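Let me begin by presenting the structure, written as structure tokens, before commenting on it.
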Amino acid sequence: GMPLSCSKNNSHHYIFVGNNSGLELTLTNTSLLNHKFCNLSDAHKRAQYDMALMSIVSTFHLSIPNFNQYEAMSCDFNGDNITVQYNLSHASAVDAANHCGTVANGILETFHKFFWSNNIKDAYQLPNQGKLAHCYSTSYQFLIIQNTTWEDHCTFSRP
Ligand SMILES: *[C@@H]1O[C@H](CO)[C@@H](O)[C@H](O)[C@H]1NC(C)=O
Ligand SMILES: *[C@@H]1O[C@H](CO)[C@@H](O)[C@H](O)[C@H]1NC(C)=O
Ligand SMILES: *[C@@H]1O[C@H](CO)[C@@H](O)[C@H](O)[C@H]1NC(C)=O
Ligand SMILES: *[C@@H]1O[C@H](CO)[C@@H](O)[C@H](O)[C@H]1NC(C)=O
């Protein structure tokens with residue numbers, strides 16, 4: 001709730017979505033959510049989760065393959081502010097290949113091609129019926145997504 005997103009040990013970028021708000025995406029070795037769950041019970045939590053998911057897919061023009069692969073993820077809600085944390089399993093090349101068809105991998109792809117992090121590397125390529133999948137490796141342990149403003153985008157929000 002107090003640590004900085006724009007820390008030197010982190011790779012960060014902020015994107016605008018609308019209604020004078022956006023998303024702050026952080027690649028960090030510091031965790032923000034400690035429960036291993038993501039409620040999504042009521043439609044409000046689901047709508048706010050879908051709104052953030054579709055914003056990243058539309059903005060980054062992503063196409064996530066279906067490899068039946070799962071990226072460990074927990075979410076939290078504090079009012080209208082959503083927090084999504086991915087516990088990244090992309091340390092090695094085989095780790096990236098076993099987690100290639102996930103949204104977090106697609107975000108690592110976006111961080112790589114626009115050079116928002118010099119740690120990410122294209123470690124594996126997987127052919128399929130869709131576009132050739134690129135699996136990216138990174139030493140970062142966590143990928144954090146938060147709905148915040150341009151004024152406060154360098155500071156983590158309190159979930
Ligand atoms: C992610 O990692 C944090 C810190 O190690 C842990 O508290 C949390 O339960 C983990 N979440 C999932 C979904 O594994
Ligand atoms: C972020 O929260 C505001 C309310 O504070 C809401 O109006 C906006 O739709 C949210 N943005 C996203 C992408 O969820
Ligand atoms: C994060 O932790 C991993 C685990 O050893 C390490 O390899 C990596 O260098 C760390 N990244 C940063 C930015 O400290
Ligand atoms: C949600 O985020 C907005 C924008 O960062 C902030 O103004 C508001 O106080 C937050 N809600 C809380 C902290 O309950």
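Order determines the names: the first chain of the structure tokens is A, the second B, and so forth; residues in each chain are numbered 1 upward, and ligands are numbered 1 upward as they are shown.
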
* To do: May I have the residues within 8 Å of residue 139 (chain A) as a list in words, using only C-alpha atoms and disregarding those fewer than 3 positions away in the same chain?
  => residues 90, 91, 119 and 120 of chain A

* **Contact residues around region 102-110 of chain A with only C-alpha atoms at 9 Å, ignoring same-chain residues under 2 positions, as a PyMOL selection string** => chain A and resi 25+27+53+56-57+60+62-71+86+88+90+96+99-100+112-117+120-122+134-138+143

Tell me which protein, DNA and RNA residues are within 6 Å of residue 26 (chain A), counting only C-alpha atoms, leaving out same-chain ones fewer than 4 positions away, and put them as a compact mmCIF listing (two decimals) with N, CA and C atoms, in the first residue's frame.
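Below is the file around.txt, written as the result:
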```txt
# COMPACT_ATOMS: atom_id res chain seq x y z
N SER A 11 10.30 -2.97 -13.15
CA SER A 11 10.02 -2.51 -14.50
C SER A 11 8.54 -2.20 -14.59
N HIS A 12 8.21 -0.96 -14.95
CA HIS A 12 6.85 -0.47 -14.86
C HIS A 12 6.46 0.26 -16.14
N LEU A 143 3.95 -10.05 -11.36
CA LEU A 143 3.41 -9.07 -12.30
C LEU A 143 2.14 -8.49 -11.68
N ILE A 144 2.17 -7.20 -11.37
CA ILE A 144 1.09 -6.53 -10.65
C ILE A 144 0.34 -5.61 -11.61
```

* Please identify the residues whose atoms come within 7 Å of ligand 3, using only C-alpha atoms and all ligand atoms, and report them as a ChimeraX atom specification. => /A:9-10,28-29,139-141

Which residues are near ligand 2 in this structure, taking near to mean any atom at most 7 Å from a ligand atom and counting only C-alpha atoms and all ligand atoms? Format them as a PDB file with N, CA, C and O atoms, in the first residue's frame.
```pdb
ATOM      1  N   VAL A  17      -6.795   4.194 -20.339  1.00  0.00           N
ATOM      2  CA  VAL A  17      -7.929   3.403 -20.801  1.00  0.00           C
ATOM      3  C   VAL A  17      -9.150   4.278 -21.058  1.00  0.00           C
ATOM      4  O   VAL A  17      -9.801   4.165 -22.101  1.00  0.00           O
ATOM      5  N   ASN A  19     -12.115   7.361 -18.954  1.00  0.00           N
ATOM      6  CA  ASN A  19     -12.694   7.960 -17.749  1.00  0.00           C
ATOM      7  C   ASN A  19     -11.613   8.573 -16.862  1.00  0.00           C
ATOM      8  O   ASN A  19     -11.723   8.579 -15.634  1.00  0.00           O
ATOM      9  N   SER A  21      -8.626   7.450 -16.270  1.00  0.00           N
ATOM     10  CA  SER A  21      -7.990   6.420 -15.462  1.00  0.00           C
ATOM     11  C   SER A  21      -7.228   5.473 -16.380  1.00  0.00           C
ATOM     12  O   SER A  21      -7.342   5.537 -17.607  1.00  0.00           O
ATOM     13  N   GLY A  22      -6.450   4.593 -15.771  1.00  0.00           N
ATOM     14  CA  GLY A  22      -5.663   3.646 -16.526  1.00  0.00           C
ATOM     15  C   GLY A  22      -5.152   2.512 -15.668  1.00  0.00           C
ATOM     16  O   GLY A  22      -5.652   2.263 -14.570  1.00  0.00           O
ATOM     17  N   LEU A  23      -4.137   1.823 -16.185  1.00  0.00           N
ATOM     18  CA  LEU A  23      -3.577   0.643 -15.540  1.00  0.00           C
ATOM     19  C   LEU A  23      -2.072   0.806 -15.393  1.00  0.00           C
ATOM     20  O   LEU A  23      -1.390   1.201 -16.343  1.00  0.00           O
ATOM     21  N   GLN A  48     -15.500  -5.583 -13.205  1.00  0.00           N
ATOM     22  CA  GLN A  48     -14.252  -4.848 -13.036  1.00  0.00           C
ATOM     23  C   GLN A  48     -13.048  -5.694 -13.423  1.00  0.00           C
ATOM     24  O   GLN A  48     -12.037  -5.155 -13.890  1.00  0.00           O
ATOM     25  N   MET A  51     -13.289  -5.782 -17.322  1.00  0.00           N
ATOM     26  CA  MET A  51     -12.930  -4.490 -17.895  1.00  0.00           C
ATOM     27  C   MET A  51     -11.417  -4.315 -17.962  1.00  0.00           C
ATOM     28  O   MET A  51     -10.884  -3.825 -18.964  1.00  0.00           O
ATOM     29  N   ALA A  52     -10.706  -4.724 -16.908  1.00  0.00           N
ATOM     30  CA  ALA A  52      -9.253  -4.596 -16.906  1.00  0.00           C
ATOM     31  C   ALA A  52      -8.608  -5.589 -17.865  1.00  0.00           C
ATOM     32  O   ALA A  52      -7.630  -5.259 -18.545  1.00  0.00           O
ATOM     33  N   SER A  55      -9.116  -4.427 -21.498  1.00  0.00           N
ATOM     34  CA  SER A  55      -8.350  -3.224 -21.808  1.00  0.00           C
ATOM     35  C   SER A  55      -6.929  -3.574 -22.228  1.00  0.00           C
ATOM     36  O   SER A  55      -6.389  -2.983 -23.172  1.00  0.00           O
ATOM     37  N   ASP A  80     -13.639   0.578  -5.985  1.00  0.00           N
ATOM     38  CA  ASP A  80     -13.640   0.379  -7.427  1.00  0.00           C
ATOM     39  C   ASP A  80     -12.252   0.095  -7.979  1.00  0.00           C
ATOM     40  O   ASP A  80     -12.099  -0.049  -9.195  1.00  0.00           O
ATOM     41  N   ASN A  81     -11.244   0.006  -7.117  1.00  0.00           N
ATOM     42  CA  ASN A  81      -9.864  -0.206  -7.528  1.00  0.00           C
ATOM     43  C   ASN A  81      -9.534  -1.689  -7.428  1.00  0.00           C
ATOM     44  O   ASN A  81      -9.638  -2.282  -6.349  1.00  0.00           O
ATOM     45  N   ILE A  82      -9.140  -2.282  -8.550  1.00  0.00           N
ATOM     46  CA  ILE A  82      -8.837  -3.704  -8.629  1.00  0.00           C
ATOM     47  C   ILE A  82      -7.327  -3.890  -8.627  1.00  0.00           C
ATOM     48  O   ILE A  82      -6.571  -3.072  -9.167  1.00  0.00           O
ATOM     49  N   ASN A 147      -5.642  -0.543 -11.052  1.00  0.00           N
ATOM     50  CA  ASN A 147      -6.395   0.581 -11.599  1.00  0.00           C
ATOM     51  C   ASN A 147      -6.081   1.817 -10.766  1.00  0.00           C
ATOM     52  O   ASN A 147      -6.496   1.915  -9.607  1.00  0.00           O
ATOM     53  N   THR A 148      -5.344   2.758 -11.349  1.00  0.00           N
ATOM     54  CA  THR A 148      -4.944   3.966 -10.642  1.00  0.00           C
ATOM     55  C   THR A 148      -4.926   5.130 -11.626  1.00  0.00           C
ATOM     56  O   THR A 148      -5.178   4.964 -12.823  1.00  0.00           O
TER      57      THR A 148
END
```

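Computed from the coordinates, the atom 2 (O, counted along the ligand's line) of ligand 1 to CA of residue 145 (chain A) distance equals 14.3 Å.
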
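Restricting the calculation to only C-alpha atoms and all ligand atoms, the smallest distance between ligand 4 and any of A:30, A:125, A:7, A:83 is found for A:83.
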
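Of the listed residues A:18, A:101, A:79, A:130, the one whose atoms come nearest to ligand 4 is A:79, with distances taken using only C-alpha atoms and all ligand atoms.
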
* Kindly provide, as a list in words, all nucleotide and amino acid residues lying within 9 Å of ligand 1, counting only C-alpha atoms and all ligand atoms. => residues 30, 31, 32, 33, 34, 35, 36, 37, 38, 71, 72, 73, 74, 75, 85, 86, 87, 88, 141 and 142 of chain A

* DSSP says alpha helix (DSSP H) for which residues of chain A? Put them as a count of residues only? -> 34

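The coordinates place CA of residue 5 (chain A) at 9.2 Å from CA of residue 157 (chain A).
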
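For the pair atom 5 (O, counted along the ligand's line) of ligand 4 and CA of residue 152 (chain A), the separation is 6.2 Å.
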
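When DSSP reads the backbone of this structure, the residues of region 66-127 of chain A it assigns to strand (DSSP E or B) are residues 73, 74, 75, 76, 77, 78, 81, 82, 83, 84, 85, 86, 87, 121, 122, 123, 124, 125 and 126 of chain A.
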
Expected file contents, prior selection, N, CA, C and O atoms, as a PDB file, in the first residue's frame:
```
ATOM      1  N   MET A  73      -2.542 -16.784 -10.230  1.00  0.00           N
ATOM      2  CA  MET A  73      -3.050 -15.422 -10.159  1.00  0.00           C
ATOM      3  C   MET A  73      -3.983 -15.271  -8.968  1.00  0.00           C
ATOM      4  O   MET A  73      -4.793 -16.157  -8.686  1.00  0.00           O
ATOM      5  N   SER A  74      -3.863 -14.137  -8.279  1.00  0.00           N
ATOM      6  CA  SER A  74      -4.777 -13.749  -7.216  1.00  0.00           C
ATOM      7  C   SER A  74      -5.187 -12.297  -7.423  1.00  0.00           C
ATOM      8  O   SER A  74      -4.388 -11.473  -7.876  1.00  0.00           O
ATOM      9  N   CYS A  75      -6.439 -11.989  -7.098  1.00  0.00           N
ATOM     10  CA  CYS A  75      -6.967 -10.645  -7.280  1.00  0.00           C
ATOM     11  C   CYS A  75      -7.549 -10.125  -5.974  1.00  0.00           C
ATOM     12  O   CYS A  75      -7.875 -10.890  -5.061  1.00  0.00           O
ATOM     13  N   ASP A  76      -7.687  -8.803  -5.904  1.00  0.00           N
ATOM     14  CA  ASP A  76      -8.244  -8.149  -4.731  1.00  0.00           C
ATOM     15  C   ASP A  76      -8.960  -6.877  -5.164  1.00  0.00           C
ATOM     16  O   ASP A  76      -8.637  -6.285  -6.197  1.00  0.00           O
ATOM     17  N   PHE A  77      -9.936  -6.463  -4.358  1.00  0.00           N
ATOM     18  CA  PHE A  77     -10.763  -5.302  -4.657  1.00  0.00           C
ATOM     19  C   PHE A  77     -10.793  -4.377  -3.453  1.00  0.00           C
ATOM     20  O   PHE A  77     -11.006  -4.829  -2.323  1.00  0.00           O
ATOM     21  N   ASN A  78     -10.584  -3.084  -3.698  1.00  0.00           N
ATOM     22  CA  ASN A  78     -10.669  -2.048  -2.670  1.00  0.00           C
ATOM     23  C   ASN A  78     -11.530  -0.925  -3.242  1.00  0.00           C
ATOM     24  O   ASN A  78     -11.014   0.023  -3.839  1.00  0.00           O
ATOM     25  N   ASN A  81     -11.244   0.006  -7.117  1.00  0.00           N
ATOM     26  CA  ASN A  81      -9.864  -0.206  -7.528  1.00  0.00           C
ATOM     27  C   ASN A  81      -9.534  -1.689  -7.428  1.00  0.00           C
ATOM     28  O   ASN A  81      -9.638  -2.282  -6.349  1.00  0.00           O
ATOM     29  N   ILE A  82      -9.140  -2.282  -8.550  1.00  0.00           N
ATOM     30  CA  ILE A  82      -8.837  -3.704  -8.629  1.00  0.00           C
ATOM     31  C   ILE A  82      -7.327  -3.890  -8.627  1.00  0.00           C
ATOM     32  O   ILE A  82      -6.571  -3.072  -9.167  1.00  0.00           O
ATOM     33  N   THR A  83      -6.881  -4.976  -7.999  1.00  0.00           N
ATOM     34  CA  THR A  83      -5.475  -5.357  -7.968  1.00  0.00           C
ATOM     35  C   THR A  83      -5.365  -6.798  -8.441  1.00  0.00           C
ATOM     36  O   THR A  83      -6.031  -7.683  -7.894  1.00  0.00           O
ATOM     37  N   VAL A  84      -4.543  -7.030  -9.460  1.00  0.00           N
ATOM     38  CA  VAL A  84      -4.325  -8.360 -10.022  1.00  0.00           C
ATOM     39  C   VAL A  84      -2.833  -8.651  -9.969  1.00  0.00           C
ATOM     40  O   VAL A  84      -2.029  -7.893 -10.526  1.00  0.00           O
ATOM     41  N   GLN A  85      -2.464  -9.741  -9.301  1.00  0.00           N
ATOM     42  CA  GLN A  85      -1.072 -10.151  -9.171  1.00  0.00           C
ATOM     43  C   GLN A  85      -0.881 -11.527  -9.793  1.00  0.00           C
ATOM     44  O   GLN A  85      -1.612 -12.469  -9.467  1.00  0.00           O
ATOM     45  N   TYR A  86       0.103 -11.640 -10.681  1.00  0.00           N
ATOM     46  CA  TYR A  86       0.499 -12.918 -11.253  1.00  0.00           C
ATOM     47  C   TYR A  86       1.799 -13.378 -10.607  1.00  0.00           C
ATOM     48  O   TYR A  86       2.795 -12.646 -10.613  1.00  0.00           O
ATOM     49  N   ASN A  87       1.785 -14.583 -10.047  1.00  0.00           N
ATOM     50  CA  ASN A  87       2.996 -15.207  -9.517  1.00  0.00           C
ATOM     51  C   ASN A  87       3.696 -15.892 -10.684  1.00  0.00           C
ATOM     52  O   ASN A  87       3.358 -17.017 -11.057  1.00  0.00           O
ATOM     53  N   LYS A 121      13.407 -12.010 -22.165  1.00  0.00           N
ATOM     54  CA  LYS A 121      14.033 -12.617 -23.331  1.00  0.00           C
ATOM     55  C   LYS A 121      13.068 -13.606 -23.969  1.00  0.00           C
ATOM     56  O   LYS A 121      12.313 -14.286 -23.269  1.00  0.00           O
ATOM     57  N   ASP A 122      13.094 -13.675 -25.299  1.00  0.00           N
ATOM     58  CA  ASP A 122      12.270 -14.619 -26.053  1.00  0.00           C
ATOM     59  C   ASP A 122      12.924 -15.991 -25.954  1.00  0.00           C
ATOM     60  O   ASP A 122      13.880 -16.292 -26.673  1.00  0.00           O
ATOM     61  N   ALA A 123      12.405 -16.832 -25.060  1.00  0.00           N
ATOM     62  CA  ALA A 123      13.066 -18.080 -24.703  1.00  0.00           C
ATOM     63  C   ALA A 123      12.553 -19.296 -25.461  1.00  0.00           C
ATOM     64  O   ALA A 123      13.285 -20.285 -25.571  1.00  0.00           O
ATOM     65  N   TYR A 124      11.328 -19.260 -25.981  1.00  0.00           N
ATOM     66  CA  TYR A 124      10.749 -20.441 -26.602  1.00  0.00           C
ATOM     67  C   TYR A 124       9.729 -20.019 -27.650  1.00  0.00           C
ATOM     68  O   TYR A 124       9.102 -18.962 -27.539  1.00  0.00           O
ATOM     69  N   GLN A 125       9.572 -20.861 -28.669  1.00  0.00           N
ATOM     70  CA  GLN A 125       8.596 -20.646 -29.728  1.00  0.00           C
ATOM     71  C   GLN A 125       7.761 -21.907 -29.889  1.00  0.00           C
ATOM     72  O   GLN A 125       8.311 -23.007 -30.005  1.00  0.00           O
ATOM     73  N   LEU A 126       6.443 -21.746 -29.896  1.00  0.00           N
ATOM     74  CA  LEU A 126       5.515 -22.876 -29.981  1.00  0.00           C
ATOM     75  C   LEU A 126       4.585 -22.709 -31.172  1.00  0.00           C
ATOM     76  O   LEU A 126       3.740 -21.793 -31.171  1.00  0.00           O
TER      77      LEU A 126
END
```

* **Closest of A:24, A:154, A:39, A:149 to ligand 4 - atom-to-atom distances counting only C-alpha atoms and all ligand atoms** => A:149
